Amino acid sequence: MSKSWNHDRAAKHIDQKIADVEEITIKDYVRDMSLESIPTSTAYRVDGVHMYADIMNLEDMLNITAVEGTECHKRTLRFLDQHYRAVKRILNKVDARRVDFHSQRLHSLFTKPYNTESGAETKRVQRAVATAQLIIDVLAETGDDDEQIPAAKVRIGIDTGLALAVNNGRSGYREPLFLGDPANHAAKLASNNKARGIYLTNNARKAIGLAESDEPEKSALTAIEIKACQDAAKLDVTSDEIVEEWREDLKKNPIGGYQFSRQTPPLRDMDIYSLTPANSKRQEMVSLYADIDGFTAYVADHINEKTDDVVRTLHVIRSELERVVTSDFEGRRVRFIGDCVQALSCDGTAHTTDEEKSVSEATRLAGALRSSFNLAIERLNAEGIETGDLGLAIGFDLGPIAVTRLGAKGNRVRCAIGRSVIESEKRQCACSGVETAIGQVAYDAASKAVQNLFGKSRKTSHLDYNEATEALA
C-alpha cells in the first residue's frame, strides 16, 4: 500500500533497462516475417496504410443522463462490444491487422500487397478505403433497438507511410504497436470534427491519384472516389455477409449481462486479461494519461537514420513510467496507445473510493512520472543515446470507470471507459511537454492544496515529485 517515489530506485531500474537495450536490431518488414512477440531489442520498419475508425457517438452514450450510472455504463459497453465485434470480423475477413481499440478509436493496419508488387502502396490505400466503407455500411446495422443500442456514427482517417513496430507492452508482449507518423496522422483526421465520412491525408490522396487538399480534414472522399477504390480492391465481402455472421455469432454465444464489482485494493492487482462482461470491474477512480510529447516527430526524424536510439528511448521511458504507476503507486497500466501511457489510480477501501485522497495521490503520481521521465532523459543522454526534444504531457480526471474485455472469444480487446477517461485525455492534450492538467471533476473533489497547485487554469508546469510533495505538505 505504500505510495512513494525514490530517485535511487528509479535510477537503478532506468540503468538496468538501458543495459537491456545496448544492442538493437532493426529489420525491414517483408513477406514471411512476423510482427508477433517482437523482442525488446528488435524493431521492424513497416510500410503500411493505417486506418483509424472513430465511433463518434461514444460520448453520447456516456452522456445519456446527467448521472454517469451503472446502466449508462452497461449500455455503453454493449454498444462498444457490438460494434467492435463487427469491425474485427471485417478486418479478419480482409486479412488486415487490428492494432487496438482505444476508447472509441479503432486502429487497423494494411501491409499487403508488399512493395515487391508494382503499385503496392496504391493498392494498400485502395484496400483500406474499401474496408473503411464496408465498416461504415455494416455499423449502420449493428445496433440493437430492443436493447436501446444505437448504430455507430463513423468517421475514418487514413494515412500511408513508415512506422516502427515494437511489442505493445501488455498481455504477454505478443501484439505489436506502430510508432511514427501514419497512425498518429490517421487518428487526427478521424477525430478532427464530427462530420461523418472517409478522410485521407495528402500522402494517401496522392497514392490513389487524387488532388491534394489544403484542408484534408474537411475533404471527405466522394461516393465516386470510394467506388473507384472498391472496384480496384475487389474485397469480395459484402455488408450483408458481415451482418449475418455477426448476428449468428451473437445468437450462439451472446454477450450476456455486464456485471460489475470493485477491484480489491491495490488496483495494480486488477487482472485485466481475465475480465469478461460478466466479470467487469467498476469504481470511481482516476484516469491518467502520460504522453511522450514530441515522440511521433522524433520517430519520423529517425525512421531511416539512427533508428536504433528510438527503440532504446521508447523501452527505457515506457518501462520506467509503467513501473512508477504500478510499483511505486500501486496503480494499473491499462495499455500503451502508441507512445502514450493510459493508467488508473485509486484510493479508498474495498467498499468505497476516497475521492479527495485519490486525487491527491494521483497528483503525487503525476509528479513521480515527471521525475522519472526527467531522470530517464538524463541517463539516456549520459549513455550517448539521442532523445531529441521529448517532453511529457500528463492529464488526469476522476469519475466512475468500467474495465472489461469486449468481443467474441479469440477476438477480444480490453476496454476502460468513462467520462473521466475521455476527459483525462483532453486535459493531457491541452498540455505542453512540461505541463500537467487536472479535470474539473477531480479538481472539485480535491483538497485545497491540490486546488491551489492547479489554480484557475487547472494546469501547472514543472510539477515533479519534489514540487508535488512540497505543494501537498
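One rule holds for the numbers: they count along the sequence shown, beginning at 1.
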Check: If you average the Cα B factors in the entry, which is higher, 17 to 25 or 457 to 465?
Finding: 17 to 25
Item checked: Between the two ranges 384 to 392 and 327 to 335, the one averaging a larger CA B factor in the entry -> 384 to 392
Checklist line | Residue, from 238, 353, 168, 342, that the PDB entry assigns the highest Cα B-factor | finding: 238
Notebook entry, point to check: With respect to the C-alpha temperature factors reported in the PDB entry, which of 272, 292, 207, 106 ranks highest?
Noted result: 207
Note to self: Is residue 101 in the lowest, middle or highest third of its chain when residues are ranked by C-alpha B-factor?
What the structure shows: lowest
Checklist line | For residue 261, the third of its chain into which the C-alpha B factor falls | finding: middle
Next item on the list: Relative to the other modelled residues of the same chain, rank the CA B-factor of residue 36 and answer lowest, middle or highest third.
Entry: highest
Next item on the list: Would you check the entry's CA temperature factor for residue 412 and let me know if it's in the chain's lowest, middle or highest third?
Entry: middle
Check: Going by the entry, which third of its chain does the Cα temperature factor of residue 364 land in?
Finding: lowest
